[PDB]
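Asker: Got entry-v3.txt for you, compact mmCIF, C-alpha atoms and all ligand atoms:
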```txt
# COMPACT_ATOMS: atom_id res chain seq x y z
CA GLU A 1 -105.64 112.70 -49.10
CA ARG A 2 -102.49 112.99 -51.22
CA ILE A 3 -101.36 109.84 -53.05
CA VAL A 4 -97.78 109.40 -54.26
CA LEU A 5 -97.70 107.87 -57.74
CA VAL A 6 -93.92 107.50 -58.08
CA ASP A 7 -90.84 108.88 -56.34
CA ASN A 8 -87.31 108.63 -57.75
CA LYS A 9 -85.03 109.11 -54.76
CA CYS A 10 -81.84 110.21 -56.53
CA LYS A 11 -83.77 112.44 -58.95
CA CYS A 12 -86.09 113.95 -56.29
CA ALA A 13 -89.19 114.18 -58.48
CA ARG A 14 -92.03 113.28 -56.06
CA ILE A 15 -94.94 112.89 -58.46
CA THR A 16 -98.16 113.02 -56.42
CA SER A 17 -101.87 113.52 -57.06
CA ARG A 18 -105.03 114.53 -55.21
CA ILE A 19 -108.69 115.00 -56.15
CA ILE A 20 -109.88 118.33 -54.77
CA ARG A 21 -113.54 118.25 -53.74
CA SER A 22 -115.97 121.10 -54.38
CA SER A 23 -119.65 121.18 -53.44
CA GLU A 24 -121.65 118.11 -54.44
CA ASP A 25 -122.83 118.51 -58.05
CA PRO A 26 -122.24 117.00 -61.50
CA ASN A 27 -118.51 116.31 -61.70
CA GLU A 28 -116.40 119.47 -61.86
CA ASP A 29 -113.58 118.35 -59.55
CA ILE A 30 -110.12 119.42 -60.67
CA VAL A 31 -107.68 116.52 -61.03
CA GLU A 32 -104.11 117.63 -60.36
CA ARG A 33 -100.67 116.03 -60.60
CA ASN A 34 -98.34 117.67 -58.07
CA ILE A 35 -94.57 117.34 -58.41
CA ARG A 36 -91.73 118.78 -56.31
CA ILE A 37 -88.34 118.74 -58.05
CA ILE A 38 -85.22 119.90 -56.20
CA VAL A 39 -82.59 121.10 -58.68
CA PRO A 40 -79.06 120.81 -57.23
CA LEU A 41 -77.51 123.90 -58.93
CA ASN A 42 -74.04 122.55 -58.04
CA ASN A 43 -73.87 118.87 -59.06
CA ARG A 44 -71.92 117.31 -61.93
CA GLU A 45 -72.55 114.74 -64.67
CA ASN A 46 -71.25 112.23 -62.14
CA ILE A 47 -72.14 113.28 -58.60
CA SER A 48 -69.46 110.78 -57.54
CA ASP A 49 -66.57 111.65 -59.89
CA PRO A 50 -65.28 115.20 -59.24
CA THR A 51 -63.42 115.41 -62.57
CA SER A 52 -66.53 116.01 -64.68
CA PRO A 53 -67.41 119.72 -65.02
CA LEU A 54 -70.60 121.48 -63.94
CA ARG A 55 -73.67 120.21 -65.78
CA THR A 56 -76.01 122.86 -67.19
CA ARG A 57 -78.55 120.54 -68.80
CA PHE A 58 -81.41 119.46 -66.52
CA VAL A 59 -83.39 116.61 -68.08
CA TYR A 60 -86.64 115.41 -66.45
CA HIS A 61 -88.58 112.76 -68.38
CA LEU A 62 -91.67 112.04 -66.29
CA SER A 63 -92.49 108.71 -67.96
CA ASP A 64 -88.87 107.51 -67.70
CA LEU A 65 -88.92 107.91 -63.92
CA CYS A 66 -92.51 106.68 -63.50
CA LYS A 67 -91.57 103.22 -64.82
CA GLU A 68 -78.56 105.89 -66.08
CA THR A 69 -77.48 109.10 -64.33
CA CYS A 70 -79.24 111.43 -61.89
CA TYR A 71 -78.61 114.71 -60.11
CA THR A 72 -79.52 114.48 -56.40
CA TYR A 73 -77.48 112.57 -53.84
CA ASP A 74 -79.07 109.88 -51.68
CA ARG A 75 -79.06 109.64 -47.89
CA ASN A 76 -79.30 105.82 -47.71
CA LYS A 77 -76.91 104.34 -50.28
CA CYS A 78 -73.22 105.21 -50.42
CA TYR A 79 -71.45 107.16 -53.17
CA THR A 80 -67.81 106.05 -53.13
CA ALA A 81 -65.23 107.15 -55.70
CA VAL A 82 -61.61 106.02 -55.92
CA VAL A 83 -59.13 108.79 -55.08
CA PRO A 84 -55.30 108.94 -55.07
CA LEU A 85 -53.45 109.92 -51.89
CA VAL A 86 -49.66 110.33 -51.92
CA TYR A 87 -47.28 110.51 -48.95
CA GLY A 88 -43.83 110.31 -50.56
CA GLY A 89 -42.33 108.66 -53.62
CA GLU A 90 -44.94 105.89 -53.70
CA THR A 91 -48.72 106.25 -53.78
CA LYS A 92 -51.57 104.28 -52.22
CA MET A 93 -55.01 103.98 -53.79
CA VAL A 94 -57.68 104.90 -51.23
CA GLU A 95 -61.46 105.28 -51.05
CA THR A 96 -63.39 108.40 -50.06
CA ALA A 97 -66.88 109.66 -49.24
CA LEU A 98 -68.29 112.36 -51.51
CA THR A 99 -70.88 113.56 -48.99
CA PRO A 100 -70.77 113.50 -45.17
CA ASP A 101 -73.30 112.17 -42.65
CA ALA A 102 -75.04 110.13 -45.38
CA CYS A 103 -74.02 106.50 -44.76
CA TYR A 104 -71.30 106.68 -42.11
CA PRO A 105 -70.55 103.34 -40.39
CA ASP A 106 -72.59 102.60 -37.28
CA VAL B 1 -105.30 106.45 -87.59
CA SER B 2 -101.70 107.59 -87.40
CA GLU B 3 -100.63 109.55 -84.33
CA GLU B 4 -99.22 112.37 -86.47
CA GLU B 5 -102.72 112.89 -87.88
CA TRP B 6 -104.04 113.04 -84.31
CA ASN B 7 -101.45 115.71 -83.46
CA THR B 8 -102.78 117.86 -86.33
CA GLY B 9 -106.14 118.34 -84.58
CA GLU B 10 -108.73 117.01 -87.02
CA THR B 11 -112.48 116.87 -86.42
CA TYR B 12 -112.58 113.05 -86.15
CA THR B 13 -116.37 113.04 -85.91
CA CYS B 14 -118.22 109.80 -85.09
CA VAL B 15 -121.56 109.94 -86.90
CA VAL B 16 -123.99 107.45 -85.31
CA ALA B 17 -127.18 106.77 -87.27
CA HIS B 18 -130.28 105.39 -85.55
CA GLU B 19 -134.05 105.36 -86.02
CA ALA B 20 -134.83 106.73 -82.55
CA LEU B 21 -132.76 109.88 -83.14
CA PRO B 22 -134.92 112.92 -84.05
CA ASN B 23 -132.57 113.77 -86.93
CA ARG B 24 -131.60 110.10 -87.54
CA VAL B 25 -127.89 110.92 -87.00
CA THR B 26 -125.78 112.23 -84.13
CA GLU B 27 -122.06 113.00 -84.12
CA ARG B 28 -119.52 114.28 -81.60
CA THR B 29 -116.20 116.04 -82.21
CA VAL B 30 -112.93 115.14 -80.48
CA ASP B 31 -109.87 117.39 -80.63
CA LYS B 32 -106.49 117.96 -79.01
CA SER B 33 -108.11 120.21 -76.38
CA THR B 34 -111.69 118.93 -76.45
CA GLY B 35 -111.75 118.21 -72.71
CA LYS B 36 -110.93 120.57 -69.86
CA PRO B 37 -109.39 123.99 -70.56
CA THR B 38 -106.39 122.61 -68.59
CA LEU B 39 -105.28 125.64 -66.59
CA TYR B 40 -101.70 125.45 -65.34
CA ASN B 41 -100.57 126.15 -61.77
CA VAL B 42 -96.92 126.17 -62.85
CA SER B 43 -94.56 127.64 -60.26
CA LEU B 44 -90.81 128.15 -59.99
CA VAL B 45 -89.15 128.63 -56.59
CA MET B 46 -85.72 130.24 -56.25
CA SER B 47 -85.32 130.28 -52.46
CA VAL C 1 -62.40 159.71 -63.45
CA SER C 2 -63.31 158.74 -66.99
CA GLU C 3 -66.32 156.55 -67.70
CA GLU C 4 -64.15 153.86 -69.32
CA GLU C 5 -62.09 153.73 -66.12
CA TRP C 6 -65.29 153.05 -64.15
CA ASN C 7 -66.32 150.32 -66.61
CA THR C 8 -63.08 148.46 -65.93
CA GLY C 9 -62.73 146.84 -62.52
CA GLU C 10 -60.83 149.26 -60.28
CA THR C 11 -60.52 149.32 -56.49
CA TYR C 12 -60.58 153.15 -56.18
CA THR C 13 -59.97 152.91 -52.44
CA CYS C 14 -60.97 155.85 -50.24
CA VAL C 15 -58.69 156.58 -47.27
CA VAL C 16 -59.85 158.75 -44.37
CA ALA C 17 -57.39 159.82 -41.67
CA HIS C 18 -58.53 160.85 -38.19
CA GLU C 19 -57.12 160.81 -34.67
CA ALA C 20 -60.28 159.40 -33.07
CA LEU C 21 -60.10 156.17 -35.09
CA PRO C 22 -58.37 153.18 -33.45
CA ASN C 23 -56.09 152.49 -36.43
CA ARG C 24 -56.45 156.13 -37.67
CA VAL C 25 -57.23 154.96 -41.25
CA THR C 26 -60.57 153.92 -42.76
CA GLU C 27 -60.50 152.21 -46.17
CA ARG C 28 -63.52 151.62 -48.41
CA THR C 29 -63.67 149.95 -51.82
CA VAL C 30 -66.05 150.39 -54.76
CA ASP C 31 -66.28 149.11 -58.33
CA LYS C 32 -68.82 148.34 -61.06
CA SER C 33 -69.84 145.13 -59.26
CA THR C 34 -70.38 146.97 -55.96
CA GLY C 35 -74.00 146.54 -54.96
CA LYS C 36 -75.52 145.21 -58.20
CA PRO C 37 -78.59 143.21 -57.09
CA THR C 38 -78.84 139.84 -58.80
CA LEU C 39 -80.16 139.91 -62.36
CA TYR C 40 -82.60 137.20 -63.43
CA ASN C 41 -82.71 135.85 -67.00
CA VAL C 42 -85.87 133.73 -66.95
CA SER C 43 -86.28 132.54 -70.56
CA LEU C 44 -89.16 130.06 -70.33
CA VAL C 45 -90.58 128.06 -73.26
CA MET C 46 -94.19 126.90 -72.99
CA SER C 47 -95.61 126.59 -76.54
CA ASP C 48 -93.91 123.23 -77.22
CA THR C 49 -96.70 121.41 -75.36
CA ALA C 50 -99.33 122.53 -77.92
CA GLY C 51 -102.14 121.34 -75.65
CA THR C 52 -100.87 117.78 -75.04
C1 LIG D 201 -68.81 109.08 -65.08
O1 LIG D 201 -69.92 108.16 -65.24
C2 LIG D 201 -69.58 106.88 -65.80
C3 LIG D 201 -70.89 106.21 -66.15
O2 LIG D 201 -70.68 105.00 -66.87
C4 LIG D 201 -68.76 106.09 -64.78
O3 LIG D 201 -67.96 105.12 -65.45
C5 LIG D 201 -68.04 103.83 -64.77
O4 LIG D 201 -68.98 103.86 -63.66
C6 LIG D 201 -69.13 102.59 -63.00
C7 LIG D 201 -70.19 102.77 -61.94
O5 LIG D 201 -69.69 102.44 -60.65
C8 LIG D 201 -67.78 102.14 -62.44
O6 LIG D 201 -67.93 100.84 -61.86
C9 LIG D 201 -66.73 102.10 -63.53
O7 LIG D 201 -65.45 101.79 -62.97
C10 LIG D 201 -66.66 103.45 -64.25
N1 LIG D 201 -65.68 103.40 -65.33
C11 LIG D 201 -64.42 103.82 -65.18
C12 LIG D 201 -63.55 103.70 -66.40
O8 LIG D 201 -64.00 104.25 -64.12
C13 LIG D 201 -67.89 107.01 -63.94
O9 LIG D 201 -68.55 107.34 -62.73
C14 LIG D 201 -67.54 108.31 -64.69
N2 LIG D 201 -66.70 108.04 -65.85
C15 LIG D 201 -65.37 107.91 -65.78
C16 LIG D 201 -64.66 107.65 -67.07
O10 LIG D 201 -64.76 108.01 -64.71
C1 LIG D 202 -100.91 122.16 -55.61
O1 LIG D 202 -102.03 122.85 -55.04
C2 LIG D 202 -102.76 122.09 -54.06
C3 LIG D 202 -103.93 122.96 -53.63
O2 LIG D 202 -105.04 122.81 -54.51
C4 LIG D 202 -101.84 121.72 -52.90
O3 LIG D 202 -102.56 120.92 -51.97
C5 LIG D 202 -100.62 120.97 -53.41
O4 LIG D 202 -99.72 120.72 -52.34
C6 LIG D 202 -99.92 121.78 -54.50
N1 LIG D 202 -98.78 121.05 -55.02
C7 LIG D 202 -97.53 121.21 -54.55
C8 LIG D 202 -96.47 120.37 -55.21
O5 LIG D 202 -97.27 121.99 -53.64
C1 LIG D 203 -103.29 130.08 -61.67
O1 LIG D 203 -104.66 129.88 -62.15
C2 LIG D 203 -105.55 129.24 -61.23
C3 LIG D 203 -106.90 129.16 -61.91
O2 LIG D 203 -107.80 130.14 -61.41
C4 LIG D 203 -105.60 130.01 -59.91
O3 LIG D 203 -106.45 129.35 -58.98
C5 LIG D 203 -104.19 130.15 -59.34
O4 LIG D 203 -104.22 130.90 -58.13
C6 LIG D 203 -103.31 130.86 -60.36
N1 LIG D 203 -101.97 131.07 -59.83
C7 LIG D 203 -101.58 132.23 -59.31
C8 LIG D 203 -100.16 132.29 -58.83
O5 LIG D 203 -102.33 133.19 -59.22
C1 LIG D 204 -103.17 126.35 -57.53
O1 LIG D 204 -104.56 126.66 -57.79
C2 LIG D 204 -105.35 126.69 -56.59
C3 LIG D 204 -106.79 126.84 -57.02
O2 LIG D 204 -107.54 125.67 -56.72
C4 LIG D 204 -104.86 127.82 -55.69
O3 LIG D 204 -105.62 127.85 -54.49
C5 LIG D 204 -103.39 127.61 -55.36
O4 LIG D 204 -102.90 128.70 -54.58
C6 LIG D 204 -102.55 127.45 -56.64
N1 LIG D 204 -101.17 127.16 -56.30
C7 LIG D 204 -100.19 128.08 -56.25
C8 LIG D 204 -100.59 129.49 -56.60
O5 LIG D 204 -99.04 127.79 -55.96
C1 LIG D 205 -81.49 137.04 -71.10
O1 LIG D 205 -82.31 136.07 -71.79
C2 LIG D 205 -82.43 136.30 -73.20
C3 LIG D 205 -83.38 135.26 -73.73
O2 LIG D 205 -82.85 133.95 -73.57
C4 LIG D 205 -81.05 136.25 -73.85
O3 LIG D 205 -81.17 136.55 -75.24
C5 LIG D 205 -80.11 137.24 -73.19
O4 LIG D 205 -78.80 137.11 -73.72
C6 LIG D 205 -80.07 137.01 -71.68
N1 LIG D 205 -79.22 138.00 -71.03
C7 LIG D 205 -78.15 137.69 -70.30
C8 LIG D 205 -77.84 136.23 -70.17
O5 LIG D 205 -77.46 138.55 -69.77
```
Let's see the structure in the file written out as structure tokens.
Answerer:
Amino acid sequence: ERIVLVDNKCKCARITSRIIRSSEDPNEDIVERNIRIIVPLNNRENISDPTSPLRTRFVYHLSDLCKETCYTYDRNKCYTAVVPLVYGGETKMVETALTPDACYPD
Amino acid sequence: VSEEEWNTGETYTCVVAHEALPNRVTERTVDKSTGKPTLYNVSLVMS
Amino acid sequence: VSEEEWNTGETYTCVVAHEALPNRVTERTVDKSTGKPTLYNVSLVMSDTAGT
């Protein structure tokens, strides 16, 4: 029986807990808080704006996410950044999708 | 008490005096690590 | 070759000529970064907790 305390989707923290049960006796059960953080290793300060360089710092405040920028992309919401595309002398300002198969129109 | 004094790890004994006690007092000591030994299962995956 | 030559990145290609080969030439490359299994630099800090 694993209970999920909090879960920040775009940070991918997944703070969970479970009470392991030993033989019946005066209480010696080990309470544990189990987290599973997926570091990107390739994302930027903005995951949407390509101009920002690679981010080395990886900040994970547990209390801040239990209750802004983050590292992991989401599969539900869209990340759209404005991008310039030029054909000839003039230019047209167009949208783009940073990641594929995430929130394509249906 | 101030939190910085708590972070220093004082004895912080609570002496309770009563007639029924065999020695007429009884105190307990709290500390920064007075509870479980708190063993860590820390792991780091690089798959 | 000198050691300092090996320290610097050089192709140092080896060419083998034989009639039985399809293109008759076999080329192989080697340098300082050839092979070199990945080096890990785990520098972990754990004493900042100080027992909660
Ligand atoms: C890097 O992150 C900053 C965070 O503030 C962003 O700047 C603004 O982000 C909001 C979020 O959608 C946009 O509506 C604004 O248009 C952004 N500002 C500008 C000037 O574009 C943005 O993602 C990045 N910063 C910049 C300067 O591009
Ligand atoms: C921590 O260990 C327990 C086993 O006692 C396991 O059930 C749990 O999944 C582990 N946590 C994570 C994040 O894998
Ligand atoms: C860490 O310590 C606990 C306490 O005994 C142990 O159960 C666990 O297996 C240890 N982790 C590893 C990787 O051995
Ligand atoms: C965590 O500790 C438990 C002991 O209850 C152990 O069985 C488990 O393998 C540990 N988790 C690891 C080593 O990832
Ligand atoms: C390995 O880590 C140590 C400790 O942080 C550091 O001093 C050293 O420069 C590192 N070696 C590298 C990055 O090649």
Asker: Excluding residue 8 in chain B and any residue of its chain fewer than 2 positions from it, enumerate the residues within 12 Å of it, using only C-alpha atoms, and give them as a PyMOL selection string.
Answerer: (chain B and resi 1-6+10-12+31-33) or (chain C and resi 50-52)
Asker: Residues at most 6 Å from ligand LIG 202 (chain D), using only C-alpha atoms and all ligand atoms? Could they come as a list in words?
Answerer: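 With only C-alpha atoms and all ligand atoms and a cut-off of 6 Å, ligand LIG 202 (chain D) is contacted by residues 34, 35 and 36 of chain A.
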Asker: Separation of CA of residue 83 in chain A and CA of residue 95 in chain A, in Å?
Answerer: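 Here the two named atoms are 5.8 Å from each other.
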Asker: Counting only C-alpha atoms and all ligand atoms, which protein, DNA or RNA residues come within 7 Å of ligand LIG 203 (chain D), given as a ChimeraX atom specification?
Answerer: /B:39-41
Asker: Taking a cut-off of 12 Å and counting only C-alpha atoms and all ligand atoms, can you build a table that, for each residue of chain A near ligand LIG 204 (chain D), reports the nearest atom pair and how far apart they are in Å (one decimal), sorted by chain then residue number, as a Markdown table?
Answerer:
```
| residue | atom | partner | partner_atom | distance |
| --- | --- | --- | --- | --- |
| A:18 | CA | D:LIG204 | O2 | 11.5 |
| A:19 | CA | D:LIG204 | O2 | 10.7 |
| A:20 | CA | D:LIG204 | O2 | 7.9 |
| A:21 | CA | D:LIG204 | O2 | 10.0 |
| A:22 | CA | D:LIG204 | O2 | 9.9 |
| A:28 | CA | D:LIG204 | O2 | 12.0 |
| A:29 | CA | D:LIG204 | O2 | 9.9 |
| A:30 | CA | D:LIG204 | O2 | 7.8 |
| A:31 | CA | D:LIG204 | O2 | 10.1 |
| A:32 | CA | D:LIG204 | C1 | 9.2 |
| A:33 | CA | D:LIG204 | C1 | 11.1 |
| A:34 | CA | D:LIG204 | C1 | 9.9 |
| A:35 | CA | D:LIG204 | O5 | 11.6 |
| A:36 | CA | D:LIG204 | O5 | 11.6 |
```
Asker: Counting all atoms listed in the file, what are the residues, protein, DNA or RNA alike, that approach ligand LIG 201 (chain D) to within 8 Å? I want them as a list in words.
Answerer: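 My answer, listing the contacting residues, is residues 45, 46, 48, 49, 51, 52, 68, 69 and 81 of chain A.
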Asker: In Å to one decimal, how far is CA of residue 42 in chain A from atom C3 of ligand LIG 205 (chain D)?
Answerer: 22.2 Å
Asker: Near residue 15 in chain B, within 10 Å and counting only C-alpha atoms, which residues show up once chain neighbours fewer than 3 positions away are dropped, as a PyMOL selection string?
Answerer: chain B and resi 12+18+25-29
